[PDB]
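J.: Here you go, one structure.
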Amino acid sequence: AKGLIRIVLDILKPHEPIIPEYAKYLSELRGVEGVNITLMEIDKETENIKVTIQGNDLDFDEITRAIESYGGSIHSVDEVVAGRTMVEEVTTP
Amino acid sequence: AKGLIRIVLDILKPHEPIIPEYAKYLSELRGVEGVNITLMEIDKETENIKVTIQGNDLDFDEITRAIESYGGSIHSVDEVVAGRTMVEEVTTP
Amino acid sequence: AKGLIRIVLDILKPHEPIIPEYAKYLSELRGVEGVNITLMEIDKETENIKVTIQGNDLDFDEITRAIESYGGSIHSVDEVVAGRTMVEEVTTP
Amino acid sequence: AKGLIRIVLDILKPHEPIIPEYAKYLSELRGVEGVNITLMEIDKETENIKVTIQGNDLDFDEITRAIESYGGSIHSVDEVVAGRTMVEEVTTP
Amino acid sequence: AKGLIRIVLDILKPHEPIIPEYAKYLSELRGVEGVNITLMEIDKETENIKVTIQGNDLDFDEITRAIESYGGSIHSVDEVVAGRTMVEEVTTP
Amino acid sequence: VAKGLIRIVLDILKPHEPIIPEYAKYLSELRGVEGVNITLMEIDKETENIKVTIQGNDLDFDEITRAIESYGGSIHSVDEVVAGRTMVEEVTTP
Amino acid sequence: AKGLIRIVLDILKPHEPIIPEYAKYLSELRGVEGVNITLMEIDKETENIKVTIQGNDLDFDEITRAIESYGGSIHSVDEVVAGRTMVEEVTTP
Amino acid sequence: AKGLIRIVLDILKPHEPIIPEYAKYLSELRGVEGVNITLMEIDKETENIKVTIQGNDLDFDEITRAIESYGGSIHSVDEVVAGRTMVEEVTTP
Amino acid sequence: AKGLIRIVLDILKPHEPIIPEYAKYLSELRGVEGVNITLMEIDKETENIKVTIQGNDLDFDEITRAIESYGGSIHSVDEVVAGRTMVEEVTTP
Amino acid sequence: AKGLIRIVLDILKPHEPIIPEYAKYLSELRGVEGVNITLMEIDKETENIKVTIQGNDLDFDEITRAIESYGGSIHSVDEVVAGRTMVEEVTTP
Amino acid sequence: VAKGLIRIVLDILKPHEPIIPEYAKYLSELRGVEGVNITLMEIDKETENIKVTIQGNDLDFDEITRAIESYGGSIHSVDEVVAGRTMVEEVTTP
Amino acid sequence: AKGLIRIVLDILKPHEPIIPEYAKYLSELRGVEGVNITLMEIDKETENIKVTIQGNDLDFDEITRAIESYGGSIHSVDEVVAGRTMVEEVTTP
Amino acid sequence: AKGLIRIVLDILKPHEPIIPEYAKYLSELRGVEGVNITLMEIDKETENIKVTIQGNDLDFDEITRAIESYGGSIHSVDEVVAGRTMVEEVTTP
Amino acid sequence: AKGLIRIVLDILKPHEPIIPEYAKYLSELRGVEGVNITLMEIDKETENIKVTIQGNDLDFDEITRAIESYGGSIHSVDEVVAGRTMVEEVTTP
Ligand SMILES: [Ca+2]
Ligand SMILES: [Ca+2]
Ligand SMILES: [Ca+2]
Ligand SMILES: [Ca+2]
Ligand SMILES: [Ca+2]
Ligand SMILES: [Ca+2]
Ligand SMILES: [Ca+2]
Ligand SMILES: [Ca+2]
Ligand SMILES: [Ca+2]
Ligand SMILES: [Ca+2]
Ligand SMILES: [Ca+2]
Ligand SMILES: [Ca+2]
Ligand SMILES: [Ca+2]
Ligand SMILES: [Ca+2]
Ligand SMILES: [Ca+2]
Ligand SMILES: [Ca+2]
Ligand SMILES: [Ca+2]
Ligand SMILES: [Ca+2]
Ligand SMILES: [Ca+2]
Ligand SMILES: [Ca+2]
Ligand SMILES: [Ca+2]
Ligand SMILES: [Ca+2]
Ligand SMILES: [Ca+2]
Ligand SMILES: [Ca+2]
Ligand SMILES: [Ca+2]
Ligand SMILES: [Ca+2]
Ligand SMILES: [Ca+2]
Ligand SMILES: [Ca+2]
């Protein structure tokens, strides 16, 4: 296990496609152990969701394009993890 | 485990059927490891519950329809997990 | 394991009988592994309690009848876990 | 693993006997695997402490009496677990 | 195990001896597994510390002899555990 | 066995570019770095504050400080360090 | 393991030497399994770190003479743990 | 003023009468300035409300007559103020 | 001022009419000093608002027949205030 | 405006007499501008409530006695304000 | 006396441009707007979420919704509205 | 107003004399408007209290001597307000 | 009073000039009732501060340039207020 | 009021002089409405206090020097207010 192993991003999203679509679909890409989508805010034209993605050697620009193939839009990359083992954020002042 | 593996959704519901009822019935569905339902807020007409359903390649359309047919009505999908392993949501400012 | 594996309900009850009785009893019902009763509040005349019951294929009606025959009533069913495996509640916005 | 396997009682005792006396004593009671006594609050005349007790088919009446024998006095019973397993309490709104 | 397995007490104490000593010292007492000492509040004359001390069957009075012996003063015993198994306080209203 | 620096957590200022999964891939492959983690602190218009949690074996704070800067980064403060045989977590207190 | 296995102290210090130094150099110390230094508060003059050090039969005096050598100043010993076992502080009212 | 100027009580109560009535009604009682009623928890059979009622010299029993009179049931009086001036509870350990 | 001076209810509602409508139209209502509508939760179907309405001798039935006219549905009456004076809820254990 | 102008005492009383009795009674005591009694906690045998009292050169011994006369019992004194002004307590680490 | 809409709180998506004190000045001078307040929610790379609290007399939600959009804004949701004679604040509850 | 207008200090003290005495007394000192004593904690042997004193040009030494002559010692001076006008503490990161 | 009345921005800042400089200086500009600078984070080359500025018809690009005239740098405009009267943010979900 | 009107700073200090001392002395300085000092953390050598000083056109250099000369040492300036009116900090994510 190497490279990007965990990606977390917040996207904006026309209400369609429905979000179990996105999950099902993001499963397929290059070595994805699994995806987590949680609903952030739920506005009227639109939808804020937090996508958590994790696997081996992940393809960033693949995800990033795969997502837009769905009329969905990355607002920001919240967190990235890379390397042999899965490091979490440590808190502090 | 593949495709959809855990689904979290909040549904509005008439007081009947009761909630254990739903729970029992949802244990049935195609590849359903198990179901949790906690009681959100219990207005006079009606009853908001939370639905936590996990399993292997769960069928979304199966579920929604199982709930409607039941009296329930789906307000949102709060969260989904799709893939080989359970990715929990990683939290961040 | 199948069906009703966890049941949590809040019931009003008179000071009688002493709570260890209801526990000591509801232990004995069909398919109950354990029972937990925590004290909620205690008013002059009466008494609120939460009642967690876990087991295999607990029959929802035995249980409730049991509590009634002891002189307390089910104000509400707060949570229910059903299926093969203990699904816990996933928290979300 | 049957009957009362955990009893938390809140009780008022005169200062004396000191708090690890009870601990000592109550441990030597039938079925009793263990005893925790934390100090709740302490007033001029008197001392409010909580008595968590764990074991196996515990005697509610021995205990009740045992505590009273040392000049203690049961203000209330705040928890009970009964059965083959320790069911902790599930929380909900 | 047997007797007291845990005793927690809050004590007042001059600045000296510095508290790593109290730790060391009490560690060497009869039947002591380990001893934790966190610093509560640091006053100008004195010092206020929590001593958690645990192990197999503890001599409460030895423990009280030893502390006083370094210029301690036992304000209160906050918690005591005894018996065969390490029961913790359970949370409750 | 591990020795030396084993985890480091630094806060840095960062030109929007390069994007952040750059850093993560990049840093990932340093000397004896089992894993890096970057969470995003604050995404200002001019710049962008981000937090790097780096972890490995006998780690070279100077290979790291230099690599970041190359990418145009800037260490503001180092917030945590764990050195030695075992991973020790911070304990809390009054 | 015996005597002190964990020591937590709050210290003040010049900006140099930078903190990953202080970390390196106490791994060096006698019987020190590892050290954790989180940054408490960074001022203009100076710089407040917390130092959590863990090992076997640690030497308080080596540790402390060493910190003064590095220019630092030990404000307080916030917690100490001693004996065979990592007793954590049990929290109470 | 004189006598009771404030009484707060928690009551259980069937769904009907809807609670704007209780408010209205109690407003018209002897010496009543105003009356606040917030909704605690909404159970299936019943309903749990807090009634804050205030004014000049209140007839406690009239207040208890009037509530019962609509199918109320007084679980407890939570707070009472009397005298010339409106003293509130002061916070303290 | 007399009878109800403040009423707070939680309601569910279609997205239309948009919420500044609902606001306008209850200012219209009889004896209504003003209304506050904050948005509780926005779903795909529907839309949960809280409605805080304040005035003199307000008419619960006008208010409520009016909300149903606008397509809405009143889930619960969360708080009511009645009499000459805006008694707020005094909070207690 | 001299001497004791506020006394908060925490006290255990048998259920009877009910709580607005004391309120009534204590108000008719010398110097006494007002009396708040909130309910602290309530057990099977007994009832713990807090008595905040406000006035002017208050008699500690009248009160102490007065409370005792009704079968009440002072567990402790939690606040005192004395002088020409009500000084509330300032908080600090 | 005031009538009609008197306070409105809306959340909008916003191209980084125009900058935010634009909006504030601009909106300030609408029909019967005693004051506007904009706090910044989240400053993403592509866009930017911001919150407008607008307040005045018999306010025209449609003059407002239109003005925002002109500046390239986009209402996502209206979060609060106060209409009528007096300013009523939300009361809280279980 | 000039000089020492507010003084807050935490002092240890024996159960004697009863706290209203220390208030009743410290009221009488030179330049004291009001005095507030809240109960901090109460141990078997002794007693912690916070002591807010407000006045004009309070002499710091009279006050302290006063408390000593009553048999409690000043553990620390938590806060002091000096000058013409009551400056309150401004909170900051 | 019209236009911008309140501006709040977070800037980055070489440690010089000192921050009482910035305050003193920002006072002068076109109609500034007053400025508030609080210290955010305090890094080693650098300094995060939150500037709050308030007056009549404020000159944005004046401030914005005035600030940089000091080797200081706007990272983001956090909040702006405009018009006849001073509107604060209202909170909500 | 003009120029500097309120200054908030945290300073490290030897135990002597005491803190009221400082307070008194700082009431003196050029145009000083009044001073607050609360006690932050009281390490063994030393004493972190917070300094809140407000007034009219306060002279910064005067102050720092008044504190140093006193034994104290300035770690940071946490906050300042300069202008015609006291702008408090307005808080935001
Ligand atoms: Ca974002
Ligand atoms: Ca930490
Ligand atoms: Ca409701
Ligand atoms: Ca929802
Ligand atoms: Ca994180
Ligand atoms: Ca009650
Ligand atoms: Ca979550
Ligand atoms: Ca007490
Ligand atoms: Ca739960
Ligand atoms: Ca102290
Ligand atoms: Ca519990
Ligand atoms: Ca930093
Ligand atoms: Ca701890
Ligand atoms: Ca505990
Ligand atoms: Ca319920
Ligand atoms: Ca208090
Ligand atoms: Ca209260
Ligand atoms: Ca109790
Ligand atoms: Ca304070
Ligand atoms: Ca929204
Ligand atoms: Ca309320
Ligand atoms: Ca104590
Ligand atoms: Ca502040
Ligand atoms: Ca920013
Ligand atoms: Ca609100
Ligand atoms: Ca310290
Ligand atoms: Ca500082
Ligand atoms: Ca704000």
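Going by the structure tokens order, chains are called A, B, ..., each with residues numbered from 1, while ligands are numbered from 1 in the order shown.
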Would you name the residues within 12 Å of ligand 28, counting only C-alpha atoms and all ligand atoms, and put them as a list in words?
T.: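 The distance check yields residues 37, 38, 39, 40, 41, 50, 51, 52 and 53 of chain K; 6, 7, 8, 52, 78, 79, 80, 81, 87, 88, 89, 90, 91 and 92 of chain M; 89, 90, 91, 92 and 93 of chain N.
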J.: Counting only C-alpha atoms and all ligand atoms, what are the residues, protein, DNA or RNA alike, that approach ligand 1 to within 6 Å? I want them as a ChimeraX atom specification.
T.: /A:10,75-76 /K:44
J.: With a distance cut-off of 12 Å and only C-alpha atoms, select the neighbouring residues of residue 13 (chain H), excluding the residue or stretch itself and same-chain residues fewer than 2 positions from it, and output the selection as a PyMOL selection string.
T.: chain H and resi 10-11+15-19+22+39-51+67-75
J.: Suppose we keep C-alpha atoms; can you now write the selection as a PDB file, in the first residue's frame?
T.:
```
ATOM      1  CA  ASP H  10     -43.726  19.666  35.745  1.00  0.00           C
ATOM      2  CA  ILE H  11     -46.885  17.862  34.781  1.00  0.00           C
ATOM      3  CA  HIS H  15     -52.648  15.195  24.334  1.00  0.00           C
ATOM      4  CA  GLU H  16     -55.948  17.190  24.746  1.00  0.00           C
ATOM      5  CA  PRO H  17     -56.671  19.847  25.715  1.00  0.00           C
ATOM      6  CA  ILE H  18     -54.070  21.373  23.430  1.00  0.00           C
ATOM      7  CA  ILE H  19     -51.754  23.463  25.608  1.00  0.00           C
ATOM      8  CA  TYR H  22     -53.998  25.573  29.640  1.00  0.00           C
ATOM      9  CA  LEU H  39     -43.137  21.445  25.933  1.00  0.00           C
ATOM     10  CA  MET H  40     -40.635  18.957  27.506  1.00  0.00           C
ATOM     11  CA  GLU H  41     -41.066  15.624  25.673  1.00  0.00           C
ATOM     12  CA  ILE H  42     -43.910  14.423  23.524  1.00  0.00           C
ATOM     13  CA  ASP H  43     -44.915  10.836  24.344  1.00  0.00           C
ATOM     14  CA  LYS H  44     -47.470   8.757  22.458  1.00  0.00           C
ATOM     15  CA  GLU H  45     -50.269   8.445  25.069  1.00  0.00           C
ATOM     16  CA  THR H  46     -49.537  11.608  26.933  1.00  0.00           C
ATOM     17  CA  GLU H  47     -47.441  14.820  27.229  1.00  0.00           C
ATOM     18  CA  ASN H  48     -44.962  16.347  29.622  1.00  0.00           C
ATOM     19  CA  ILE H  49     -44.892  20.120  30.133  1.00  0.00           C
ATOM     20  CA  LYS H  50     -43.254  22.728  32.305  1.00  0.00           C
ATOM     21  CA  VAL H  51     -45.514  25.399  33.679  1.00  0.00           C
ATOM     22  CA  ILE H  67     -54.570  21.923  36.501  1.00  0.00           C
ATOM     23  CA  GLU H  68     -55.966  18.677  37.694  1.00  0.00           C
ATOM     24  CA  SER H  69     -59.260  20.054  36.431  1.00  0.00           C
ATOM     25  CA  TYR H  70     -58.087  19.706  32.815  1.00  0.00           C
ATOM     26  CA  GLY H  71     -56.671  16.243  33.229  1.00  0.00           C
ATOM     27  CA  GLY H  72     -53.232  17.332  34.379  1.00  0.00           C
ATOM     28  CA  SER H  73     -51.205  15.393  36.887  1.00  0.00           C
ATOM     29  CA  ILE H  74     -48.584  17.236  38.980  1.00  0.00           C
ATOM     30  CA  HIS H  75     -45.366  15.160  38.983  1.00  0.00           C
TER      31      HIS H  75
END
```
J.: Show me, as JSON, numbers by chain, the residues that have an atom within 6 Å of residue 54 (chain E) when counting only C-alpha atoms, minus same-chain residues fewer than 4 positions from it.
T.: {"E": [5, 6, 32, 33, 34]}
J.: Write the residues of the preceding selection, restricted to N, CA and C atoms, as a PDB file, in the first residue's frame.
T.:
```
ATOM      1  N   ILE E   5      -8.749  -2.813  45.637  1.00  0.00           N
ATOM      2  CA  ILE E   5      -7.861  -2.790  44.491  1.00  0.00           C
ATOM      3  C   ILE E   5      -7.539  -1.384  43.934  1.00  0.00           C
ATOM      4  N   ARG E   6      -8.350  -0.398  44.316  1.00  0.00           N
ATOM      5  CA  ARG E   6      -8.180   0.995  43.932  1.00  0.00           C
ATOM      6  C   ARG E   6      -8.636   1.938  45.065  1.00  0.00           C
ATOM      7  N   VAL E  32       1.110  -2.942  45.878  1.00  0.00           N
ATOM      8  CA  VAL E  32       0.819  -1.843  44.953  1.00  0.00           C
ATOM      9  C   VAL E  32       1.272  -2.106  43.518  1.00  0.00           C
ATOM     10  N   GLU E  33       0.346  -2.026  42.567  1.00  0.00           N
ATOM     11  CA  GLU E  33       0.605  -2.281  41.146  1.00  0.00           C
ATOM     12  C   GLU E  33       1.227  -1.098  40.431  1.00  0.00           C
ATOM     13  N   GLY E  34       0.675   0.061  40.748  1.00  0.00           N
ATOM     14  CA  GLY E  34       1.058   1.307  40.121  1.00  0.00           C
ATOM     15  C   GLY E  34       0.473   2.448  40.915  1.00  0.00           C
TER      16      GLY E  34
END
```
J.: Using only C-alpha atoms, determine which residues lie at most 9 Å from residue 29 (chain E), disregarding the query and same-chain residues fewer than 3 positions distant; provide the list as a count of residues only.
T.: 8
J.: Kindly give the distance, in Å, that separates CA of residue 60 (chain M) and atom 1 (Ca, counted along the ligand's line) of ligand 24, rounded to a single decimal.
T.: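 It comes out at 17.5 Å.
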J.: Please, which residues in chain M fall within 6 Å of chain N when counting only C-alpha atoms, and what is the closest atom pair and distance in Å to one decimal for each, ordered by chain then residue number, as CSV?
T.:
```
residue,atom,partner,partner_atom,distance
M:23,CA,N:82,CA,5.3
M:24,CA,N:3,CA,5.1
M:27,CA,N:83,CA,5.3
M:33,CA,N:84,CA,4.9
M:34,CA,N:83,CA,3.9
M:35,CA,N:82,CA,5.4
M:36,CA,N:81,CA,4.7
M:37,CA,N:80,CA,5.3
M:38,CA,N:79,CA,4.2
M:39,CA,N:78,CA,5.0
```
J.: Just the alpha helix (DSSP H) stuff from chain D, please, per backbone DSSP, written as an MDAnalysis selection string.
T.: chainID D and resid 19:27 60:69
J.: Got time to write the residues from that selection, C-alpha atoms, as an mmCIF file, in the first residue's frame?
T.:
```
data_model
loop_
_atom_site.group_PDB
_atom_site.id
_atom_site.type_symbol
_atom_site.label_atom_id
_atom_site.label_comp_id
_atom_site.auth_asym_id
_atom_site.auth_seq_id
_atom_site.Cartn_x
_atom_site.Cartn_y
_atom_site.Cartn_z
ATOM 1 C CA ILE D 19 -15.541 4.844 52.800
ATOM 2 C CA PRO D 20 -13.156 1.877 52.143
ATOM 3 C CA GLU D 21 -14.805 0.060 55.066
ATOM 4 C CA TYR D 22 -18.005 -0.492 53.114
ATOM 5 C CA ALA D 23 -15.923 -1.316 50.142
ATOM 6 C CA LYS D 24 -14.175 -4.004 52.143
ATOM 7 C CA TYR D 25 -17.327 -5.222 53.783
ATOM 8 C CA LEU D 26 -19.604 -5.309 50.725
ATOM 9 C CA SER D 27 -17.025 -7.181 48.712
ATOM 10 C CA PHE D 60 -30.909 -6.957 46.800
ATOM 11 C CA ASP D 61 -32.054 -7.592 50.346
ATOM 12 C CA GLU D 62 -28.725 -8.634 51.774
ATOM 13 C CA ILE D 63 -27.217 -5.457 50.325
ATOM 14 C CA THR D 64 -30.025 -3.191 51.360
ATOM 15 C CA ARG D 65 -29.707 -4.585 54.887
ATOM 16 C CA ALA D 66 -25.861 -4.654 54.826
ATOM 17 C CA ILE D 67 -25.682 -0.954 54.019
ATOM 18 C CA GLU D 68 -28.293 -0.119 56.656
ATOM 19 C CA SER D 69 -26.303 -2.106 59.244
#
```
J.: Report, in Å with one decimal, the straight-line distance from CA of residue 34 (chain F) to CA of residue 79 (chain F).
T.: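 Atom-to-atom, CA of residue 34 (chain F) to CA of residue 79 (chain F), that is 19.6 Å.
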J.: Would you mind reading off the distance between CA of residue 88 (chain F) and CA of residue 13 (chain F), one decimal, in Å?
T.: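 Going from CA of residue 88 (chain F) over to CA of residue 13 (chain F), I get 27.4 Å.
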J.: Where does DSSP see strand (DSSP E or B) in chain L, if you list the residues as a count of residues only?
T.: 41
J.: When the cut-off is 10 Å and we count only C-alpha atoms, which residues of chain F are near chain E, given as a VMD selection string?
T.: chain F and resid 92 to 94
J.: Would you mind telling me which residue in F:33, F:10, F:43, F:81 lies nearest to chain K when using only C-alpha atoms?
T.: F:43
